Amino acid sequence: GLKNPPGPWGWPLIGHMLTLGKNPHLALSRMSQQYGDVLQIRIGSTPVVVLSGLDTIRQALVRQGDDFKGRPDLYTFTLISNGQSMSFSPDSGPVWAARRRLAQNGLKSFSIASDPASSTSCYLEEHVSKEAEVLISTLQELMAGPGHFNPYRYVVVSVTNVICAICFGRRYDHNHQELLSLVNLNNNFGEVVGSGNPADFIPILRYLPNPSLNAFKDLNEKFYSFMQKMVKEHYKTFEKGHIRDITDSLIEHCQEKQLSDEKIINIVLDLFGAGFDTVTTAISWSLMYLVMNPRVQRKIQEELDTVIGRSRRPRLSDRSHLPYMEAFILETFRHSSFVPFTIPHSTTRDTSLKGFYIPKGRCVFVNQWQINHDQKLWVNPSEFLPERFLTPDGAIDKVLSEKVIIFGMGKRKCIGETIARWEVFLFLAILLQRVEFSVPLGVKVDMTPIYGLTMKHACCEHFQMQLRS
């Protein structure tokens, strides 16, 4: 038959806003244990259905994909890309799918396709090798200097120049101030649009003195200013036959052609933003796990010494033949789950899920964190143990690696998964082959994640690095 989704009691005006608290991913996981994989809360007066369970989510996002492919009409999204963001706009219909096809093509055309200037590698491998070595020599300068560094500061530039080369054909010095301007100055994007923001559900918090949202509104049109001054710089030097960027890839499509040319050109912003921010957090988390688990660091290097040695620079060729790193990366994604919730979803129409009615327009949270820490899928899920993914013969258990959910599911799946998987692998491979990372004893290193759409960690200034052998 049909039932309504269960759920706990909530306050008549604010709902469950206080039981979510500072860490919705944790509050809604405990709630799932009691009420199950399909439950119901209210943030203010706005109902929300929360989805947990590996297969319950797969059933909704994949098997009933177009019932669950929408995006809710939340305020914070209206301030992203002038209210016309592909990834955050309410547009779910054909206008959206088209822009998604243009971003998928522009991505693979200037990332995995072979570089004309190299018979060896693809675009992505060239860029990541360049920044990987610049980053190493940069980091050495700092041990010669202060003797210690915060890695996030310099990884964010090296990561950004990769996605900045795929998109704008330009890179920036590690101290270019108009860049830290963008990517390393009051970047609270993730913390504001993380699922459950009070300002999206409490209409008066948008008008009261809100520093966190004033910083947010200035960040987004400071990024929209950057985009317009790089596409105008590109149309001044654009040549029909020779496409250099993803930007020129879209300028081309504007010429060939409800699909505004604004809606085509501001796609590169969604790529540039998700590119630099997410991959950076992954690498930064990986290095926070290497410092705090030296055993895992050496066994990564031990594998690199036996499968490639120190005679040659690693390549994407070697990704398939390095199982223990694929395990470390998978466990960095799983233990941290630095993307605890997908971007909120919305129902396109009345539908049902595991026997529960959900009407059209209902806001939906997808608790990826709950999957990666479900104690019935993982033995000891709070422990960082990459070995959990390795078979008795030292290979990757592919069925258990496909239970790690961090790139979403269904028709709204991340379109930069393989880029992020290759970029994260290559960066870590080139660095760990030639250097080791360390934090002296007696220093504080808070591993506690900070909630957000992409959870970050507390800044750590005490990283050290020395070369090997």
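The first residue of the sequence shown is number 1, and the count goes up from there. We call the rigid core whatever largest set of C-alpha positions still superposes within 1.5 Å between the two forms.
Between 337-345 and 185-193, the larger root mean square Cα shift in 5 other deposited structures of this protein, once each structure is superposed on the rigid core, falls on 185-193. According to the PDB entry, the deposited sequence contains 4 to 9 residues between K257 and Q258 that lack coordinates. Higher mean CA temperature factor, per the PDB entry, when comparing 194-202 with 118-126: 118-126. Across the two stretches, 329-337 and 135-143, the PDB entry reports the greater mean Cα temperature factor for 135-143. Based on the entry's C-alpha B-factors, the most elevated value among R388, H148, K360, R71 belongs to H148. The entry lists C-alpha B-factors for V443, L28, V49, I405, and the highest of these is at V443. Per the deposited record, the Cα B-factor of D277 falls in the middle third when ranked against the other modelled residues of its chain.
Ranked by C-alpha B-factor against the other modelled residues of its chain, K398 falls in the middle third. Annotation for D270: CA B-factor lies in the middle third of the chain's modelled residues.
Per the deposited record, the Cα B-factor of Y207 falls in the middle third when ranked against the other modelled residues of its chain. Placement of the Cα temperature factor of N372 within the chain: lowest third of the modelled residues, per the deposited record.
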